[PDB]
Amino acid sequence: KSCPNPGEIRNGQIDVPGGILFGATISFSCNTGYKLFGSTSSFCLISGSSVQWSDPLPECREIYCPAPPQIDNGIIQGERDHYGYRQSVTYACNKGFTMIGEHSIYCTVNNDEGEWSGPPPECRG
Amino acid sequence: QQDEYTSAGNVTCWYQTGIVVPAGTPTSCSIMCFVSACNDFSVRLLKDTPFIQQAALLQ
Amino acid sequence: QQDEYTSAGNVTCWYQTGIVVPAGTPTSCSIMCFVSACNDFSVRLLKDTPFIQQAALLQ
Amino acid sequence: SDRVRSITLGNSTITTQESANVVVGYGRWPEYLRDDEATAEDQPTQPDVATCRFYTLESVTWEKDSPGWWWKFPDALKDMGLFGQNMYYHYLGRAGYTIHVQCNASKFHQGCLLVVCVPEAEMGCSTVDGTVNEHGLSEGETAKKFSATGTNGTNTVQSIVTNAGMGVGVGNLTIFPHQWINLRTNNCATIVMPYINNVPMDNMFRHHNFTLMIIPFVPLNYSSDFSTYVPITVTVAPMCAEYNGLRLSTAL
Amino acid sequence: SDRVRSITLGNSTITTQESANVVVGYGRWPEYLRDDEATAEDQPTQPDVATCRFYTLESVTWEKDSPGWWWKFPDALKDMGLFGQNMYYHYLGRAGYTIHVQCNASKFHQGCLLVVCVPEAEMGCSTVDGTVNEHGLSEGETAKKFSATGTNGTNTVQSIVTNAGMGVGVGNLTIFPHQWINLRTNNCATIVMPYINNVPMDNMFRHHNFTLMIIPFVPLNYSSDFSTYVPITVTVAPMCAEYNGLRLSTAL
Amino acid sequence: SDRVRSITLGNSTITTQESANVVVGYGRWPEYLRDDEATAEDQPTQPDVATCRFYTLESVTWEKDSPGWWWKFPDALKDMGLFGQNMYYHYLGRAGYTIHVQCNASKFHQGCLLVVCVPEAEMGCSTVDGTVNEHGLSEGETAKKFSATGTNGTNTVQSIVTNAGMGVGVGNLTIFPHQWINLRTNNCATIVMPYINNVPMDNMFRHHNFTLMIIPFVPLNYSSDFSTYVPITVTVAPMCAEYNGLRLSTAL
């Protein structure tokens, strides 16, 4: 007859276009900024006396950008670890130098991988 | 001496929203329950109690 | 669209006497801030908002 | 004190020793449909007590990082006793509600929840040029969860709390009827919502009259406070339920 | 409750949710100088709001072993906005004050402060046959500190709390207007002092009409109470300030 | 608030800032014996203040596993000032009492005590076919202790709390005048007992008019709450004491 309620994926979504009876397929996706680990779909099948899903719910996992670039003759303000999505790193130039460019860069996600946004600034003497 | 014909149902209790507590206090406690009759309560047909007995005199 | 000519000043906040707390409680918290107009407030001269736009129809 | 308060509907009663006030719709208490506002001509059924009473939904756990939760409304009570049965058997229905959100903690805990009833909370899709699912919208009792980041997936609601699934500033949800549950001062929220719609009655399966959202604005926190478990429970009671257009029951 | 309280002077307002009462001078509310009590003949200036409002002085930290603190008064407000400017430009001045000492902690902290206004608190020297300094007497805002032991040094006040810098029993300072701040019950102290002197008006630089002393009698204490920082803040508001004998400004 | 309360008898006064109510006998306040109820013909002595005042008995310690305690009554006060002296010198006596049990803890402690006055609490022996001792019955001030298990020994009271030394269900002791001390809400219990007996007066050594029992139903508990010491103190005050049949003093 019908498969049990699909449930919910933390930081994800379950699409149920065709009900949850035998033969139905449901689809999984992660929210932007999260990557899917596991299956992306499940089929409702009959196995012996049980009506059950073919595949379990996947995991949606976040992400840290790598250590920020150093700039010549400047300093990263308050450098630390674990720069997650949307966090930013700001720079200042050393005494004797003037900055040109964006003073801050942000951790973004590209293809499931954490990458720093725009180009870091330059310090000129 | 209740039977199914004169059944009265049950009472059950559930957490409506868990027990929350600050640090430094016991994480478990006790709830006590008291019973009493309301003012529309009455009883009829006197009989002996099942609860008391004896095997011989000098009781 | 305020300019210096129609400046209105600033509001700042300071500890008047620090945050004190007993043991077993978090040592840092949050304060939220709400804004609303009083009853002597009014506005004039209708214009479009800077906040919404589009590049093409089927909007 | 005025923190103390009791409410009785049908065979059910709620109590609090730490209430704020009680918010009432847009100042309007529920009422039954008047003859000069009606179109459906058949006699209504007004189950009264069998239907207008407190139903408690399954509780949720407030975690140090919970983004929030929501429930769609006439749907969500669809399996609640006779209120639900009357839904299945009638084409048209109309009701108001007393919503009572419960959450107690301790004088050593802290956190703050916004509790709002949003009329007509049409939600947006995660997949920008796709469309939602009824599943992405509601799961009956239980509750959909907001998310701390942008979501993907076809059919699911774009649920980053920050935009409340509607494309607005979450911090502006206050033009809607609501109360806050600030653990340091308060342990429950009560909102009475009147029927709000652009027609006098409507079908209760096809249209979510309003959405209840519980969004923590200041997160749960505590110390060696051997109480990490802090649940939130929603109890709601239909008020002045009336139904029209009786026929066979709707297909689940 | 009567713990709640608000006070407004000029463009400033103070509030408390945990007050005791309010102490008033020797039962006398400040008043402006009457014609049958005056000698200076020129018209006074009475700045009113520009001058009679709440000025907050720099806070101090209550440590587990703080002996106490003090402030001299008309001097101390000498750099506070127009109250101070009017001081510099006039030979004579007269004012009353609302003093509001603030100190909040937690239901798990303990300690007790005596808050007193001592009229004419002439102080003794550390060096018994020497004389004090204006510096040993007052440092304007900031605050001089009492000491737990006998002090030495020429010019400084013999400040062992025990004798309050005046050669008396500190525990007898209660014949002066005062309140106590007992952390378990109270979080502020409010004293309204009327002008007290043996002449109707006086120069505000040359004469310290009275001294405010905050002396802990039961010391601050607590446990893993991740709050070791417990500040004390003094806010005062001149009342009925009036000035006479206008001329060029005094030399700093 | 009605938590606040004061009581004065003779040269003594009791106060509480956290009382429940005050329970009064079976609704009866103590009164002196009336002429149409008397048999003993001699003039009574009514010491009044010298006798009707608060006597405090030696305190007991509430431990995490204390079963309970009890005291027999006219005996127990037999060495308390003039109340006791009047007992020794007279054949007949009559009195009522205000009983005030005190026990304070903290908002972080928990536990619940039943405080009852049982008129005519005849007790059973441990040795089923043996008889009790006066010692097994009472030790004057001090207090006998209930036990968590069945007891043995000739002469001692079968003191397993569960049957209150009387062969009944301890949880039914509530048909007797009583109050509860629930640490979270309350810090004392006050019961006023009128003279209850089947004769107008009686001998105070030979007959224990009633027994005071303090039985913890929910045990004491706490955490790193540097307060493990939680004492319970009983203070009682005879009311309307009158004595008849004066002669030489009784043999100790």
# chains A, B, ... in the order shown; residues from 1 in each chain; ligands from 1
call {"tool": "closest_atom_pairs", "arguments": {"of": "chain D", "to": "chain B", "cutoff": "7 Å", "atoms": "only C-alpha atoms", "output": "Markdown table"}}
result
| residue | atom | partner | partner_atom | distance |
| --- | --- | --- | --- | --- |
| D:59 | CA | B:17 | CA | 6.7 |
| D:102 | CA | B:17 | CA | 6.4 |
| D:103 | CA | B:17 | CA | 5.9 |
| D:104 | CA | B:20 | CA | 6.2 |
| D:105 | CA | B:20 | CA | 4.1 |
| D:106 | CA | B:21 | CA | 4.7 |
| D:107 | CA | B:22 | CA | 6.4 |
| D:108 | CA | B:22 | CA | 4.3 |
| D:109 | CA | B:22 | CA | 5.7 |
| D:222 | CA | B:22 | CA | 6.8 |
| D:223 | CA | B:23 | CA | 5.5 |
| D:224 | CA | B:23 | CA | 4.6 |
| D:225 | CA | B:23 | CA | 2.7 |
| D:226 | CA | B:27 | CA | 5.4 |
| D:227 | CA | B:21 | CA | 4.9 |
| D:229 | CA | B:20 | CA | 6.4 |
| D:230 | CA | B:20 | CA | 5.6 |
| D:231 | CA | B:17 | CA | 4.7 |
| D:232 | CA | B:17 | CA | 5.2 |
| D:233 | CA | B:17 | CA | 5.1 |
call {"tool": "write_last_selection", "arguments": {"atoms": "C-alpha atoms", "output": "PDB file, in the first residue's frame"}}
result
ATOM      1  CA  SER D  59       5.982  18.926  20.751  1.00  0.00           C
ATOM      2  CA  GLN D 102       3.975  26.635  25.931  1.00  0.00           C
ATOM      3  CA  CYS D 103       7.676  26.746  26.861  1.00  0.00           C
ATOM      4  CA  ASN D 104       9.061  26.745  30.384  1.00  0.00           C
ATOM      5  CA  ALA D 105      12.725  26.810  31.378  1.00  0.00           C
ATOM      6  CA  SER D 106      14.389  28.211  34.536  1.00  0.00           C
ATOM      7  CA  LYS D 107      15.540  31.450  36.058  1.00  0.00           C
ATOM      8  CA  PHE D 108      19.031  30.363  34.904  1.00  0.00           C
ATOM      9  CA  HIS D 109      18.168  29.748  31.250  1.00  0.00           C
ATOM     10  CA  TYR D 222      22.437  27.759  29.877  1.00  0.00           C
ATOM     11  CA  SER D 223      25.373  26.299  31.976  1.00  0.00           C
ATOM     12  CA  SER D 224      25.944  23.121  34.073  1.00  0.00           C
ATOM     13  CA  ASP D 225      22.042  23.521  34.283  1.00  0.00           C
ATOM     14  CA  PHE D 226      21.343  19.840  34.177  1.00  0.00           C
ATOM     15  CA  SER D 227      18.434  20.782  31.887  1.00  0.00           C
ATOM     16  CA  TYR D 229      15.993  19.561  27.253  1.00  0.00           C
ATOM     17  CA  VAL D 230      13.699  22.503  26.632  1.00  0.00           C
ATOM     18  CA  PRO D 231      10.566  21.524  24.642  1.00  0.00           C
ATOM     19  CA  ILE D 232       7.990  23.832  23.042  1.00  0.00           C
ATOM     20  CA  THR D 233       4.372  22.681  22.800  1.00  0.00           C
TER      21      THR D 233
END
call {"tool": "select_by_dssp", "arguments": {"residues": "stretch 55-240 of chain F", "states": "strand (DSSP E or B)", "output": "MDAnalysis selection string"}}
result
chainID F and resid 55:56 60:62 69:72 90:102 110:119 125 132 144:145 147 155 157 160 178:182 188:193 202 210:221 230:240
call {"tool": "residues_around", "arguments": {"residues": "residue F:79", "least_positions_apart": "5", "cutoff": "12 Å", "atoms": "only C-alpha atoms", "output": "PyMOL selection string"}}
result
chain F and resi 51+55-57+74+84-88+139-141+205+252
call {"tool": "write_last_selection", "arguments": {"atoms": "N, CA and C atoms", "output": "CSV table (one decimal), in the first residue's frame"}}
result
chain,number,residue,atom,x,y,z
F,51,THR,N,3.3,31.2,81.2
F,51,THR,CA,3.1,29.9,80.7
F,51,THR,C,2.7,29.7,79.3
F,55,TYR,N,8.1,28.1,73.3
F,55,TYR,CA,9.2,27.4,73.8
F,55,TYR,C,9.8,26.7,72.6
F,56,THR,N,11.1,26.8,72.4
F,56,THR,CA,11.7,26.2,71.2
F,56,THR,C,12.4,24.9,71.6
F,57,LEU,N,12.1,23.8,70.9
F,57,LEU,CA,12.7,22.5,71.3
F,57,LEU,C,14.0,22.4,70.5
F,74,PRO,N,1.5,16.7,75.7
F,74,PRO,CA,1.9,17.5,77.0
F,74,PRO,C,3.4,17.2,77.5
F,84,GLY,N,6.2,23.7,82.6
F,84,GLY,CA,6.6,22.5,83.2
F,84,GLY,C,6.4,22.4,84.7
F,85,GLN,N,6.8,23.5,85.4
F,85,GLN,CA,6.6,23.5,86.8
F,85,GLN,C,5.2,23.3,87.2
F,86,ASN,N,4.3,24.1,86.5
F,86,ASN,CA,2.9,23.9,86.8
F,86,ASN,C,2.4,22.5,86.6
F,87,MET,N,3.0,21.8,85.6
F,87,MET,CA,2.7,20.4,85.4
F,87,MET,C,3.1,19.5,86.6
F,88,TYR,N,4.3,19.7,87.1
F,88,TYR,CA,4.7,18.9,88.2
F,88,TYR,C,3.9,19.1,89.4
F,139,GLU,N,10.9,10.9,74.1
F,139,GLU,CA,12.1,11.3,74.8
F,139,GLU,C,12.1,12.7,75.2
F,140,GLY,N,10.9,13.3,75.4
F,140,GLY,CA,10.8,14.6,75.9
F,140,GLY,C,11.0,15.6,74.8
F,141,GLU,N,12.1,16.4,74.8
F,141,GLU,CA,12.4,17.3,73.7
F,141,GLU,C,13.1,16.3,72.8
F,205,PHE,N,1.2,14.0,82.7
F,205,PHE,CA,2.3,13.1,82.6
F,205,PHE,C,1.8,11.7,82.1
F,252,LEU,N,10.1,12.7,89.7
F,252,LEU,CA,10.8,12.5,88.4
F,252,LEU,C,11.2,11.0,88.0
call {"tool": "residues_around", "arguments": {"residues": "stretch 145-149 of chain D", "least_positions_apart": "5", "cutoff": "9 Å", "atoms": "only C-alpha atoms", "output": "number ranges by chain"}}
result
A: 8, 10-12, 31-34; D: 65-70, 157-162, 164-165, 215
call {"tool": "residues_around", "arguments": {"residues": "residue D:190", "least_positions_apart": "2", "cutoff": "7 Å", "atoms": "only C-alpha atoms", "output": "list in words"}}
result
residues 22, 23, 99, 100, 101, 188 and 192 of chain D
call {"tool": "closest_residue", "arguments": {"among": "D:237, D:204, D:214, D:128", "to": "chain A", "atoms": "only C-alpha atoms"}}
result
D:128
call {"tool": "atom_distance", "arguments": {"atom1": "atom CA of residue E:153", "atom2": "atom CA of residue E:176"}}
result
29.0 Å
call {"tool": "atom_distance", "arguments": {"atom1": "atom CA of residue A:56", "atom2": "atom CA of residue A:6"}}
result
9.0 Å
call {"tool": "residues_around", "arguments": {"residues": "stretch 69-77 of chain A", "least_positions_apart": "4", "cutoff": "10 Å", "atoms": "only C-alpha atoms", "output": "mmCIF file with N, CA, C and O atoms, in the first residue's frame"}}
result
data_model
loop_
_atom_site.group_PDB
_atom_site.id
_atom_site.type_symbol
_atom_site.label_atom_id
_atom_site.label_comp_id
_atom_site.auth_asym_id
_atom_site.auth_seq_id
_atom_site.Cartn_x
_atom_site.Cartn_y
_atom_site.Cartn_z
ATOM 1 N N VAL A 89 36.821 38.205 6.056
ATOM 2 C CA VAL A 89 38.193 38.479 6.549
ATOM 3 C C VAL A 89 38.498 39.897 6.086
ATOM 4 O O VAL A 89 38.174 40.272 4.964
ATOM 5 N N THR A 90 39.034 40.730 6.969
ATOM 6 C CA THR A 90 39.383 42.079 6.570
ATOM 7 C C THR A 90 40.886 42.275 6.740
ATOM 8 O O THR A 90 41.570 41.584 7.524
ATOM 9 N N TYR A 91 41.398 43.185 5.936
ATOM 10 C CA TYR A 91 42.809 43.505 5.886
ATOM 11 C C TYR A 91 43.074 44.974 6.146
ATOM 12 O O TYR A 91 42.204 45.860 5.953
ATOM 13 N N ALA A 92 44.287 45.241 6.590
ATOM 14 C CA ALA A 92 44.725 46.627 6.771
ATOM 15 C C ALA A 92 46.160 46.683 6.250
ATOM 16 O O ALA A 92 46.852 45.654 6.251
ATOM 17 N N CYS A 93 46.621 47.838 5.745
ATOM 18 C CA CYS A 93 48.026 47.875 5.315
ATOM 19 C C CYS A 93 48.918 48.327 6.459
ATOM 20 O O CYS A 93 48.469 48.989 7.387
ATOM 21 N N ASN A 94 50.193 47.962 6.382
ATOM 22 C CA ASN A 94 51.153 48.371 7.391
ATOM 23 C C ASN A 94 51.544 49.836 7.270
ATOM 24 O O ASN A 94 51.254 50.502 6.278
ATOM 25 N N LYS A 95 52.174 50.363 8.315
ATOM 26 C CA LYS A 95 52.605 51.757 8.312
ATOM 27 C C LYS A 95 53.505 51.930 7.096
ATOM 28 O O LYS A 95 54.361 51.091 6.847
ATOM 29 N N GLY A 96 53.273 53.004 6.333
ATOM 30 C CA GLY A 96 54.074 53.266 5.154
ATOM 31 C C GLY A 96 53.425 52.843 3.842
ATOM 32 O O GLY A 96 53.928 53.174 2.764
ATOM 33 N N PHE A 97 52.295 52.145 3.934
ATOM 34 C CA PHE A 97 51.582 51.634 2.755
ATOM 35 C C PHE A 97 50.102 52.075 2.685
ATOM 36 O O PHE A 97 49.456 52.356 3.713
ATOM 37 N N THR A 98 49.561 52.128 1.477
ATOM 38 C CA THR A 98 48.175 52.540 1.305
ATOM 39 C C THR A 98 47.433 51.435 0.576
ATOM 40 O O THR A 98 47.969 50.765 -0.314
ATOM 41 N N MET A 99 46.193 51.214 0.968
ATOM 42 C CA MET A 99 45.442 50.124 0.374
ATOM 43 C C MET A 99 44.684 50.516 -0.877
ATOM 44 O O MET A 99 44.240 51.657 -0.987
ATOM 45 N N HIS A 103 38.564 46.070 1.084
ATOM 46 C CA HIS A 103 39.275 45.774 2.324
ATOM 47 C C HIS A 103 38.828 44.440 2.915
ATOM 48 O O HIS A 103 39.503 43.895 3.790
ATOM 49 N N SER A 104 37.703 43.903 2.437
ATOM 50 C CA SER A 104 37.242 42.622 2.978
ATOM 51 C C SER A 104 36.826 41.633 1.931
ATOM 52 O O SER A 104 36.388 42.021 0.836
ATOM 53 N N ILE A 105 37.037 40.354 2.242
ATOM 54 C CA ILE A 105 36.665 39.243 1.359
ATOM 55 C C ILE A 105 35.750 38.322 2.144
ATOM 56 O O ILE A 105 35.767 38.354 3.380
ATOM 57 N N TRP A 116 37.150 31.781 -1.221
ATOM 58 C CA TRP A 116 37.091 33.202 -0.908
ATOM 59 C C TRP A 116 36.581 34.017 -2.115
ATOM 60 O O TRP A 116 36.974 33.780 -3.255
ATOM 61 N N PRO A 119 38.953 39.451 -5.169
ATOM 62 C CA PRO A 119 40.391 39.427 -4.919
ATOM 63 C C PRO A 119 40.798 40.260 -3.699
ATOM 64 O O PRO A 119 40.204 41.300 -3.383
ATOM 65 N N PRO A 120 41.814 39.798 -2.974
ATOM 66 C CA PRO A 120 42.256 40.556 -1.811
ATOM 67 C C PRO A 120 42.880 41.876 -2.246
ATOM 68 O O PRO A 120 43.341 42.031 -3.384
ATOM 69 N N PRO A 121 42.909 42.858 -1.340
ATOM 70 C CA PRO A 121 43.480 44.156 -1.672
ATOM 71 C C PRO A 121 44.975 44.096 -1.758
ATOM 72 O O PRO A 121 45.583 43.084 -1.407
ATOM 73 N N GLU A 122 45.553 45.175 -2.258
ATOM 74 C CA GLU A 122 47.001 45.304 -2.358
ATOM 75 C C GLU A 122 47.419 46.470 -1.526
ATOM 76 O O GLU A 122 46.659 47.420 -1.363
ATOM 77 N N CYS A 123 48.626 46.400 -0.973
ATOM 78 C CA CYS A 123 49.169 47.522 -0.192
ATOM 79 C C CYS A 123 50.377 48.105 -0.934
ATOM 80 O O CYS A 123 51.331 47.394 -1.248
ATOM 81 N N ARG A 124 50.351 49.410 -1.168
ATOM 82 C CA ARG A 124 51.414 50.069 -1.930
ATOM 83 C C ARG A 124 52.184 51.112 -1.113
ATOM 84 O O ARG A 124 51.593 51.899 -0.374
ATOM 85 N N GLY A 125 53.510 51.113 -1.255
ATOM 86 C CA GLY A 125 54.330 52.058 -0.514
ATOM 87 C C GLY A 125 54.698 53.269 -1.339
ATOM 88 O O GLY A 125 54.725 53.125 -2.589
#
call {"tool": "atom_distance", "arguments": {"atom1": "atom CA of residue F:198", "atom2": "atom CA of residue F:92"}}
result
14.1 Å
call {"tool": "residues_around", "arguments": {"residues": "residue A:111", "least_positions_apart": "3", "cutoff": "10 Å", "atoms": "only C-alpha atoms", "output": "list in words"}}
result
residues 33, 35, 114 and 115 of chain A
call {"tool": "closest_atom_pairs", "arguments": {"of": "chain D", "to": "chain A", "cutoff": "7 Å", "atoms": "only C-alpha atoms", "output": "CSV"}}
result
residue,atom,partner,partner_atom,distance
D:133,CA,A:15,CA,6.8
D:135,CA,A:16,CA,6.7
D:147,CA,A:11,CA,6.0
D:149,CA,A:33,CA,6.6
D:150,CA,A:32,CA,4.4
D:151,CA,A:31,CA,2.5
D:152,CA,A:31,CA,3.8
D:153,CA,A:29,CA,4.2
D:154,CA,A:15,CA,6.1
D:155,CA,A:15,CA,5.2
D:156,CA,A:13,CA,5.2
